[PDB]
Amino acid sequence: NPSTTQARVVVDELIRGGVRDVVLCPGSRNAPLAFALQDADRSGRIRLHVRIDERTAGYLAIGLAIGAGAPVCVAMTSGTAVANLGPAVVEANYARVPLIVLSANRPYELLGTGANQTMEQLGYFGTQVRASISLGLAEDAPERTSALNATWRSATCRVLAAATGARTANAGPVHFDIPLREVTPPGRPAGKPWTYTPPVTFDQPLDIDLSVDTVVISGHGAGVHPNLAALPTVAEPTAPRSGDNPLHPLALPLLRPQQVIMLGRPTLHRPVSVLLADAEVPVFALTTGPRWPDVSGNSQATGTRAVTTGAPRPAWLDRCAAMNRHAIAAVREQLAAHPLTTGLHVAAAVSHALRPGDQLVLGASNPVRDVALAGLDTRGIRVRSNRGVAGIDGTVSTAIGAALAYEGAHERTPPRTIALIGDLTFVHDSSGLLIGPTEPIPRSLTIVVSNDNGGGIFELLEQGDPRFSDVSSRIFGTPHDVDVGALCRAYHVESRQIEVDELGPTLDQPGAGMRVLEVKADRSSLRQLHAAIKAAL
Amino acid sequence: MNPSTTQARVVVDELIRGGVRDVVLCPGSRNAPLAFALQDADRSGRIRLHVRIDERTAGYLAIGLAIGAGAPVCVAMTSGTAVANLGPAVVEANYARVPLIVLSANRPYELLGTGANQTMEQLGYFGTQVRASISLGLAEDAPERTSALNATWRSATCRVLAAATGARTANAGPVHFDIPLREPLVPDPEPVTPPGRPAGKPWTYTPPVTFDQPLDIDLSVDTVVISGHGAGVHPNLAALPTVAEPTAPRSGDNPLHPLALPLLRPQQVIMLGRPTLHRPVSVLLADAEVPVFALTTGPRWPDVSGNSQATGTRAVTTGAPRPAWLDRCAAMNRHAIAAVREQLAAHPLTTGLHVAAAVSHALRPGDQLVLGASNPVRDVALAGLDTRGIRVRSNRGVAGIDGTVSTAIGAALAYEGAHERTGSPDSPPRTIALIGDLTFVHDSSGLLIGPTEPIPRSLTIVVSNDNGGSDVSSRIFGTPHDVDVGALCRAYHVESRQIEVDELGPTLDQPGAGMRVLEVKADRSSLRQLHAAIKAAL
Amino acid sequence: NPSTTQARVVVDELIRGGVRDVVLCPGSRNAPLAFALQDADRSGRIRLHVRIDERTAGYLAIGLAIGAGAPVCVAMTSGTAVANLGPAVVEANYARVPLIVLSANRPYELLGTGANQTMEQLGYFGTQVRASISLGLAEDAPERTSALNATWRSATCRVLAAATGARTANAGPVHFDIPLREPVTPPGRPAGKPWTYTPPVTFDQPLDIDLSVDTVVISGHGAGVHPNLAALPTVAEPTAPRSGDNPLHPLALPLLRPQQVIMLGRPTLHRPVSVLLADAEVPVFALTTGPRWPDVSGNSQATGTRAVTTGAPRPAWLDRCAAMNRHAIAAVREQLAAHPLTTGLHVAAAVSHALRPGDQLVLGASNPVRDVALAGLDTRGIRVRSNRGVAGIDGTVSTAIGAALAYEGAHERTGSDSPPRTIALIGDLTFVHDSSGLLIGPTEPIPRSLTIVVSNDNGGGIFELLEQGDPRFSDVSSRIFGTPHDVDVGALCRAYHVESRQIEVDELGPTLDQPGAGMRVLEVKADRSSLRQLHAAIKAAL
Ligand SMILES: C=C(O[C@H]1C=C[C@H]([C@@](O)(CCC(=O)O)c2sc(CCOP(=O)(O)OP(=O)(O)O)c(C)[n+]2Cc2c[nH]c(C)nc2=N)[C@@H](C(=O)O)[C@@H]1O)C(=O)O
Ligand SMILES: C=C(O[C@H]1C=C[C@H]([C@@](O)(CCC(=O)O)c2sc(CCOP(=O)(O)OP(=O)(O)O)c(C)[n+]2Cc2c[nH]c(C)nc2=N)[C@@H](C(=O)O)[C@@H]1O)C(=O)O
Ligand SMILES: [Mg+2]
Ligand SMILES: [Mg+2]
Ligand SMILES: [Mg+2]
């Protein structure tokens, strides 16, 4: 049967292409490549992960992909799959995550006359994916077997290349269809991919004078630049550090830089935004990919590399270091001077509890920002966050998937994965905790939940102004009164409600493979704390 | 100064700063702000404006203007089906990787679904065929925001240019640039445009990316090089036997005739660019036993072979070809050239292959050759035209019949323009087009150039008229279309002369009489026999 | 062969559904239902039309549909097909034309890895069509013959229903795919009936309207007929069917102060109409068929399908409207006589006077469709066509040809008598845009009574009447709005071997009264340098 042959060949080439994990959900139809994936999983060639929640399944795949940087497949099996995978596919697009979406259309059946149970199309595939490839029906012609083998493996390599950005340097989601109707031909020798793609470089050098008072701002997907290591650098948590000279975010308004070098895609901090939009400050964007970030339209130039002349003035260098120490002081003072535990307190505790080789998974809203404010030094540490579109959905499964993949990478040679998320974020993707006994479960994952019973970040915005006090709580705060401990145990997951002093010591000593550490926090004092911090500036 | 006028003048200015030297314009009222700004820029000599009536062939004129010198070219039109008519050109631009900017004016988006006249779903119309779909905002009546709006407008314009030229992707192609506009649409009575960067710089400077991907290839293995549309130049592969499509740039001098290829047994193939032309090439790439290596200038690589072992932009070569292998391919090449020449002589009746052979011999270094993407390209390849020193153009993206005349005219204009830019006193270089009669008739309205619009200084269109040349649709080929070419040429006031194939060479060296059509009668009845004779002569 | 059997079932059902014309173009691959269509053409159950130009083919199909109101098929067979059919599909959407676009996907072939020769997809199918239906591959299963027959005819009927608006009252283009693997008929219902019959449908949305309030009726494209509104002053676009016999000239409208407006269908003409409809002080009632209502300003008070009326127009209001109507008519007539140079407005007046009941009139966009309204054409007994969906000047030649063919085909089937005339009035730019539509092979159907009047003022005359036609732009507007071309129309028609004559406006009437070749082009030279002053003089004479 050609379909069975086709499936094994595709699965084989996917494995050759670096795919180690595949996510499935039970549906009305059986999965594309269903049986070939089973045989591959049973023989340990790949690892399968099954979920009931289709939405959290997609975010599990994102986690599995960003964990060690490998391409990951997720298989559509139902008439709700497309809708549910939407959020994950969007994040995969904007965060540039190698996500292969597997589908199986039925060419011998009618389309467009009613609802169908394996495919219900929306409009996002045409705007989010790097490629849409359909394998075409497998036909019975044994004398064309080697031609078909070459066709299937070539197309599969196209899917992988598009997903990983092998030739485009633009990773993202790919839609891969293997149409269904109702001894496996060998690939290349020694497990090589059918179509090999050697390393690729995109080179766009920009001339930059470093004697001009320069600050470096790095965001999601930023590259490593040794020739900029000396410059003062405001680096987002997910940005890899190039050097030794960090500049705290809060010290930025205290300085008047004369030019800016922007690495990757910055999404955090208003003073960062204000600075990039400053029309008198030349901005140079150094990023990988087809497009560049520039909300204001102020960027003077874009590229991938800097050709530097000169060096930063010692006066400028010293002024930056002074404001840096000043900002760091102000943050630590006002935290100590504050009795009530907030999300910012928790962030610092988690931050100082971290050790080299750890993986840190940060949720959206305050957690990702608070860690940057707590002055985390990210070197020797691998930080993940869904900054593509910054949703508070699917962060639990992301952390789980990231853990499994990061643990898998070292079993192949286990390191800790610590997640810091808000309470809303936890409630959103609570169903990601539901993992059957037959499914893979991380051995070294801890989820820290800063629970201030609502959306703390809204206290820091104009809707957090005291004149909105009576109306703000319901529509922005949104308190929920959820018993977290009861929720975790409902899913049979180890959980402790502890204070911030114990957070360090607790994280230092291991436990069950999956555990949730909950820390009670307050948000009523957040706007004042931040005001006090800038007052110390 | 009203918002529509301001916005249009900024966009035009930034486009010029981005290297746009030619703009194609089609009449309308909704695109008045663009038309005014463009006419003004043409008046001051910053760009050259080309006004056309038919949006479809206007798009192919823009394609010609782009491939004639390698610059980004805009085409501007009004809202509605005017935009939809750019569809064919956009598809061709996509697959041929042509920097074509579709600059469409639109009603404000809030008028969508309201029943407003001449309003349709424009944004996203081209789907996945374009490198990007970018919309400007509706221009605000807000003088305070003038500075911020200037930045965003110029930024978006730069995003358009980058995507079109492939400045960051190394994959040039068409971009849809939709601009919603509302009244007033004409300039105010005026007894100042917000400036761009100093010294005429682009608002956001993005230099042409260097896309590099080296690949190891052992040349001691018996190798043939097959180069198609968009192929790069490889000095370290110059000695290898090379089957090159007319639009491919030659890397060296060891030509292998297409007909010779199926009579040889290469142990590996180096594929350059995107080869679509030859069936024996298709046959060889089709059999999955022979290893194929794909070398491309951009991230795209062809699917024509299921046995592509690897991709790259350039080869890192070890070894050297067997001298016996070189001798064999060289011998078979001469054999094929002989067979074609001999069989051509042994035929009394003038066919399209004869006409193509005549045009080939008449070519000289520095010429531009524009080929109709069906028979002319194949025939020229059969005649074994040596393409060194000449620039060959053809719409090999999807090889459609549309816009061949406009593309030829556009290519001539752009080529002649690049000539003037360097202050050479010489006459403008020659552009010679070879197209079939069905192709000519179908895009005959591409000849139409308004009395006030730029005319090519040295363009000659050679029309090989064999008079029209399984399925029920084919019945229209059952009788010769009988269309008077001379009448068509008079209708659009263009010089035409019907001549014989022996007269072709001498006539082509006559001084450039601006733009002219040379009709050469040919026969297609004796063609299946001629090809069969050639095939048996091998 | 299962595929061949499938194709015959589908074609048969299509013919049962009212399809009489199918448009094809030669392509890389065989057409969908190629042989079944060929069999039907030979037997005379259906008529095939073949063109080389895929764009003009799309508009040919539109013409074949609006000519007699029948669903029409067009076959996508090439890699440029989707791109070229775009314009016609968009027009079909907005003008609500039953256009069925046939395609044949190939499931056994790779997809999305490179160039496609069956279909290179753009993004408009998602937005323009009423339905996208794929038949699914035909299986070899003699035990499943009657079931598959039922399935195929059911789906084909769905395709036809969506295109004709049988149940939605929303006609439009439909994407019908019949997949293919490369490389007699099971019967339909007895008595030639469609497999799934859709009996007459009504959408009823009555609105209460007091007609004693000073009321004007403005009727545009797709307007319905309303007997209870027949007495009212009515400003009817040429393509709108007239409910009554109390016409109100467009130029008379701003000389009146209607307290109330009933808007029928979709108006796209005249700036006074747009200004009145936007007037917040004037209640607008939109009576139209379909899902959407036209309302650019958003001022409209209510929308429905028909009016339940009380009261009646005041006799003084009728007298007032009739008086301004006579001033407008007189102004146009007097100023046309007082201006020596022939304009498009002159030509429109000549064509209008030359029409007889039973004629079909096809109007190109720009000035012609407006000039005819200004000339005061009485459209009663006349069938008037114009692509007002998106008002393109593209494809109007093939539209007229297709319209003539369908209109003549319907008259032949009555067995009556020479075919009723189709007369097209288009501008020169419009003619140049779609001149290739004249090229029709002797193998293909050709009109027997089509006459294309080309009012040639060597450019876009309508732009003289807009803001950019103001004298202060006289130095710059000739290139970018005038767009003169100096085309020899006679030579162009001669090239395609189409009968052609250049005549003066005085001769137009008599020349039109005399029949000629089945297809002929009458060219009238016109001036547009005097257009702005002519319209200004007409206004000053009101
Ligand atoms: C940061 C700013 O603005 C952002 C402030 C908050 C929201 C935000 O986007 C923030 C996302 C981010 O950039 O990290 C958040 S935080 C936020 C509260 C998170 O609360 P938490 O308890 O998880 O954490 P916290 O209490 O803040 O520590 C919410 C609801 N939302 C909206 C939201 C809605 N739905 C989904 C699926 N995803 C979402 N991100 C954004 C928004 O809704 O427009 C907003 O743009 C700013 O102006 O500086
Ligand atoms: C009538 C007004 O403005 C219209 C003025 C003209 C154009 C128009 O749309 C008119 C269509 C109509 O409503 O009937 C025309 S007339 C027109 C000139 C026609 O010249 P002609 O010689 O055929 O006729 P004429 O000389 O006017 O008798 C042009 C070019 N165009 C633009 C155009 C461009 N491309 C395509 C495919 N279709 C098009 N409609 C419209 C536009 O471009 O925005 C515009 O909306 C008004 O403001 O009242
Ligand atoms: Mg919270
Ligand atoms: Mg020919
Ligand atoms: Mg005109």
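Atoms within each ligand, like the ligands themselves, are counted from 1 in listed order. Below, chain A is the first sequence line, B the second, and so on; all start at residue 1. All values below come from the heavy atoms of this structure, side chains included, with hydrogens, waters and symmetry mates left out.
In this structure, A:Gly454 is part of the shell of residues with a heavy atom less than 4.0 angstrom from ligand 1. Using a 4.0 angstrom heavy-atom cutoff, A:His269 does not count as in contact with ligand 1. Under a 4.0 angstrom heavy-atom cut-off, A:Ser450 registers as lying outside contact with ligand 1. Ligand 1 lies less than 4.0 angstrom from a heavy atom belonging to A:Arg387.
Atom 23 (O) of ligand 1 has A:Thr425 OG1, 2.9 Å as its closest protein atom, hydrogens excluded (heavy atom only). Protein heavy atom at the shortest distance from atom 49 (O) of ligand 1 is A:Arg270 NE, 3.3 Å. In terms of protein heavy-atom proximity, atom 35 (N) of ligand 1 is nearest to A:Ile392 CG1, 4.1 Å. Counting only heavy atoms of the protein, atom 31 (N) of ligand 1 lies nearest to A:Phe458 CZ, 4.2 Å. In terms of protein heavy-atom proximity, atom 11 (C) of ligand 1 is closest to A:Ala390 O, 3.5 Å. In terms of protein heavy atoms, atom 21 (P) of ligand 1 is closest to A:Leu424 CB, 3.6 Å. Nearest protein neighbour of atom 14 (O) of ligand 1, counting heavy atoms only, is A:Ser365 N, 2.7 Å.
Within 6.0 Å of the OH atom in A:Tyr94, the count of heavy atoms belonging to other residues, nucleotides or ligands does not exceed 12. Environment of CD in A:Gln528: sparse, with no more than 12 heavy atoms of neighbouring residues, nucleotides or ligands closer than 6.0 Å.
The closest donor-acceptor contact from the side chain of B:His481 to the backbone of B:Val483 lies under 3.5 Å. Looking only at distances, no side-chain donor or acceptor of B:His442 sits under 3.5 Å from a matching main-chain atom of B:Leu438. Judged purely by atom type and a 3.5 angstrom limit, B:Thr439 has no side-chain atom pairing as donor or acceptor with the backbone of B:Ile435. Without hydrogens or angle criteria, A:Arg265 side chain to A:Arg387 main chain gives a donor-acceptor distance under 3.5 Å. Between the side chain of C:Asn458 and the backbone N or O of C:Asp486, at least one donor-acceptor pair lies under 3.5 Å. For the pair B:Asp437 (side chain) and B:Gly468 (backbone), a donor-acceptor distance under 3.5 Å is present. Put simply, the side chain of B:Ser496 never gets that close to the backbone of B:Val517: no donor and acceptor are under 3.5 Å apart. Listed for the A:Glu236 side chain is a donor-acceptor partner under 3.5 Å among the backbone atoms of A:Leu268. Proximity of a side-chain donor or acceptor of B:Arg52 to a complementary backbone N or O of B:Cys26 within less than 3.5 Å is not detected.
The distance from ligand 1 to the heavy atoms of A:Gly455 drops below 4.0 Å at these ligand atoms: 20 (O), 26 (O). Within the listing of ligand 1, atoms 37 (C) sit less than 4.0 angstrom from a heavy atom of A:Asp393. The atoms of ligand 1 that sit less than 4.0 Å from any heavy atom of A:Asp452 are 26 (O). Below 4.0 Å from some heavy atom of A:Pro367 lie the following atoms of ligand 1, by number and element: 28 (O). Within ligand 1, the atoms closer than 4.0 Å to a non-hydrogen atom of A:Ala364 are 14 (O), numbered from 1 in the order shown.
When heavy-atom distances to ligand 1 are checked against a 4.0 Å cut-off, A:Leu461 comes that close only through its side chain, counted from C-beta outward.
Not a single protein heavy atom sits closer than 4.0 Å to atom 8 (C) of ligand 1. Counting only heavy atoms, the protein gets under 4.0 Å from atom 38 (N) of ligand 1.
When the heavy-atom distances from atom 13 (O) of ligand 1 to A:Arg523, A:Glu459, A:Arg369, A:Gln463 are ranked, the shortest goes to A:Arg369.
Salt bridge A:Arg527/A:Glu459: absent, no basic N to carboxylate O contact under 4.0 Å. Classification of A:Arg384 and A:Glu91 as a salt-bridged pair fails, no side-chain N sitting under 4.0 Å from a carboxylate O.
Side chains of C:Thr396 and C:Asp434: no donor on one and acceptor on the other come within 3.5 Å.
Side-chain contact between A:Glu518 and A:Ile447 is absent, with no heavy-atom pair separated by less than 4.5 Å.
Around the Mg ion (ligand 5), protein atoms of type N, O or S found under 2.8 Å number 3.
Residues C:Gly344 and C:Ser455 approach most closely at CA-OG, 3.3 Å, considering heavy atoms.
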